[PDB]
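Accompanying notes for the structure given below.
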Amino acid sequence: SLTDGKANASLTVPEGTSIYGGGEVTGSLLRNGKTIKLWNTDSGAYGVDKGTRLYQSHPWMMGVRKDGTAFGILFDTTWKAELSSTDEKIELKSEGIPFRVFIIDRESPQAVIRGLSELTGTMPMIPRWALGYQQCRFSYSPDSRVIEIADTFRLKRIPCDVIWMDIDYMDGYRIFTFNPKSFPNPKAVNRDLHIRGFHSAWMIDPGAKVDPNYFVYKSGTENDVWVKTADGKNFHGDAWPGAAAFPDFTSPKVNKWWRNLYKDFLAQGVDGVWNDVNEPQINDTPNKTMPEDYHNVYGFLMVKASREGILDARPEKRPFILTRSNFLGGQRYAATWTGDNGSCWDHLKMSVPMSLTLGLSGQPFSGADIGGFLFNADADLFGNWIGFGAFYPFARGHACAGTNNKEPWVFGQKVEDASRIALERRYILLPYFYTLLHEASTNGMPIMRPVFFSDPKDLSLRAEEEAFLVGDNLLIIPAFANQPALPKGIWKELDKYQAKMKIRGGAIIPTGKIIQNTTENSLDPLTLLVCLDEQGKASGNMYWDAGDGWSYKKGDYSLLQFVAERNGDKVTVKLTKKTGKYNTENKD
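Have a look at this one:
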């Protein structure tokens with residue numbers, strides 16, 4: 045068909061097609077037939093049940109024919125469109141120029157995802173502690189809390205890894221400027237967070253408040269995006285500091301300026317950074333934007365600069381950077397983190413659908429907070445929340461605007477006991493989450509897989525959005541027993565807030581052991597979980613490394629292959645292959 049001026053798109057769908065895609069989205073939208081807007085602003089909120097634009101933009105969908113076949117459609121526009129695609133065809137109708145289209149027709153849905161990365165690429169490797177449970181807080185009454193939350197965790201024996209320092213650590217909410225009674229000793233006095241088996245995570249923003257007595261905002265700059273077709277002067281929005289000003293990731297002059305060797309100033313104790321409210325979001329004037337009036357890559361390009369800067373400041377530790385707002389190739393530099401929540405309960409389930417799509421929208425590492433911002437949460441909500449949230453690709457503790465509670469340990473011992481039992485399960489499967497992190501980065505699809513990926517040929521399995529998969533071999537059912545559409549075949553074989569775990573027949577899962585953090589990691593007693601299939605056989609692999617190089621330039625990894633075969637009344641489990649090897653090796 046046709047399109048001409050406001051641009052548009054093509055691609056009519058066969059009947060019997062199951063439509064997925066859309067990136068970060070609302071509703072029980074595991075499947076589509078709905079229209080969404082590509083653009084947007086703090087449209088996370090009580091997020092929502094379908095038809096609303098949120099934080100990130102992904103113009104892509106993918107179709108599985110009633111067969112098992114799949115196809116992938118990418119409308120390559122950085123501009124501001126709107127996806128609106130019921131059963132009567134996929135069309136993206138946009139407000140810019142003519143755009144490129146890319147079409148995948150491959151044997152699988154799994155092959156469309158690999159294929160998207162083929163075009164769009166993968167996520168660069170994070171450290172193994174990016175796989176640990178994470179939390180934030182902050183408090184007032186004394187200097188801060190002096191953590192007490194880190195000690196609290198180890199006191200409780202609830203596995204945690206990373207502690208995020210939320211919002212306040214800034215002096216006036218002036219970025220890159222700790223608060224000088226917020227412990228003018230922000231030079232990383234948190235050897236504590238490192239001694240205690242922790243890694244730091246710090247918030248960053250794209251808003252600079254108007255003070256000439258700052259030490260960031262350089263107006264021997266120019267970077268601040270000019271407003272209006274020239275006008276002759278910068279756009280003052282209203283962010284966290286109010287009348288803050290914004291970098292223009294228009295051209296590289298601003299980017300070079302942004303990556304300032306920043307995290308080695310207060311630390312070295314800034315380990316990970318998150319970019320937030322970087323849509324960007326304006327507190328006042330008409331619907332949250334800015335003028336020039354292309355929008356949807358500002359966070360995308362804000363965050364590429366951070367990863368670009370952390371790399372300049374520290375050549376190789378692997379960077380661990382996260383952004384609220386992004387774009388379709390954005391996972392090359394960042395990971396989502398999925399939208400300040402509601403503690404409401406519609407949000408708890410919706411996380412499972414919301415985070416499935418992100419994988420199918422190319423983003424391996426997404427998580428929903430086990431509560432949110434909006435909050436108050438009872439035990440009953442959180443306890444259920446932690447039970448399957450402990451299996452998100454990215455897990456975290458959350459919440460805001462206290463007055464009080466939101467912790468793993470508030471809603472009693474029992475809720476805290478549920479929290480301990482979940483986190484202990486997560487950590488044991490670190491050798492399987494980790495290998496999976498590796499797949500997501502070499503080819504791979506979602507770490508957090510659809511039930512439907514088990515048999516793309518099965519119709520019963522297309523729309524199922526509550527139960528979910530972790531990496532082919534493990535099945536996760538969230539709150540309460542025996543449902544719903546589940547994959548056929550051999551699974552398990554055939563405590564309240566806990567999800568049901570099933571292991572696939574023909575599957576080998578590498579299992580490690582309870583650990584407090586990823587610090588005892590190199591030392592993991594290995595236990596291989598085996599479920600024999602219809603021929604009495606199981607196959608599996610493990611990926612492991614030091615945790616701060618990738619599939620290392622020099623090959624400092626082992627890639628292990630297990631086979632198990634039951635012949636007789638006895639089974640053998642063996643080691644088939646040993647790729648790589650590590651912790652040393654160089655070249656002449």
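Residues 45 to 337, 354 to 554, 563 to 656 (the UniProt record's numbering) make up the sequence shown, in order. Just so it is clear, CB atoms sit at the ideal spot from N, CA and C, and this is done for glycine as well.
As DSSP reads the structure, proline 291 sits in a beta bridge with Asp268. The DSSP-derived three-state label of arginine 634 is strand.
Nearest to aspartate 563 by C-alpha distance, out of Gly617, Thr196 and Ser479, is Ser479.
Across the structure, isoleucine 381 and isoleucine 141 are spaced so that their CA atoms are roughly 32 Å apart. Each residue's CA atom was taken as its position, placing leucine 490 and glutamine 154 some 23 Å apart. Comparing alpha carbon positions, the residue from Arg456, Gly431, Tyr487 and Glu484 closest to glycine 462 is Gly431. Taken through DSSP and simplified to helix, strand or coil, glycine 91 comes out as coil. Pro103 is the residue among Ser619, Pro103 and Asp86 whose C-alpha sits nearest the C-alpha of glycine 65. For secondary structure counted as the alpha helix (DSSP H) over 4 or more consecutive residues, the stretch 454–495 holds these complete runs in sequence order: 473–488.
Beta-carbon to beta-carbon, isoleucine 488 and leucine 534 are separated by about 12 Å, too far to satisfy the 8 Å threshold. Inter-segment contact for the stretch 181–188 and the stretch 501–512 is absent: fewer than three beta-carbon pairs are separated by less than 8 Å. Of the residues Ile248, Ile202, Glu602 and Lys231, the one whose Cα lies closest to the Cα of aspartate 212 is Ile248. DSSP, reduced to helix, strand and coil, places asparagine 319 within a strand of the structure shown. The residues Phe290, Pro291, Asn322, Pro324 and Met362, in chain order, have a CB closer than 7 Å to that of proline 250 in the same chain once the five nearest residues on each side in sequence are set aside.
With a cut-off of 8 Å on Cβ pairs, the stretch 289–309 is in contact with the stretch 367–377, counting three or more such pairs.
In the three-state reduction of the DSSP assignment, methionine 414 falls in the helix class, which pools H, G and I. Taking C-alpha positions only, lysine 262 is separated from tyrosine 99 by approximately 28 Å. Ranked by Cα distance from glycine 531, the options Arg522, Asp518, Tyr494 and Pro168 are led by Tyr494. In the structure shown, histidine 238 falls within a helical segment according to DSSP collapsed to helix, strand and coil. Between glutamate 126 and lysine 81, the C-beta spacing is below 8 Å.
When C-beta atoms of the stretch 405–420 are compared with those of the stretch 53–70, three or more pairs fall below 8 Å, so the two segments count as touching. The C-alpha of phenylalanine 433 lies about 7 Å from the C-alpha of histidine 458. Cα atoms of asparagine 585 and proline 203: separation of roughly 6 Å, rounded to the nearest angstrom.
Shortest Cα-Cα distance from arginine 97 to any of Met106, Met105 and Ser87 involves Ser87.
In this structure, DSSP gives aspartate 624 an extended state, which the three-state scheme calls strand.
Across the set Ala527, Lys307 and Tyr565, the C-alpha of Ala527 shows the shortest separation from the C-alpha of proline 544. With respect to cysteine 599, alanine 614 sits apart: the two C-beta atoms are not nearer than 8 Å. Between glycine 91 and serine 62, the C-beta spacing is not below 8 Å. In this structure, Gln178 is the residue among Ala437, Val269, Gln178 and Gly216 with its C-alpha nearest to the C-alpha of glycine 241.
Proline 578: member of the beta strand (DSSP E) spanning 575–579, first to last residue. Contact between the stretch 271–291 and the stretch 227–243 is absent: fewer than 3 CB-CB pairs across the two stretches fall below 8 Å. Where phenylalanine 197 is concerned, the enclosing alpha helix (DSSP H) starts and stops at 193–200. When only Cα atoms are considered, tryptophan 246 and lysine 231 end up about 13 Å apart. Burial check for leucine 554: the Cβ neighbour count within 10 Å stays below 16, so the residue is exposed. Rounded to whole angstroms, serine 72 and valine 269 show a C-alpha spacing of 38 Å.
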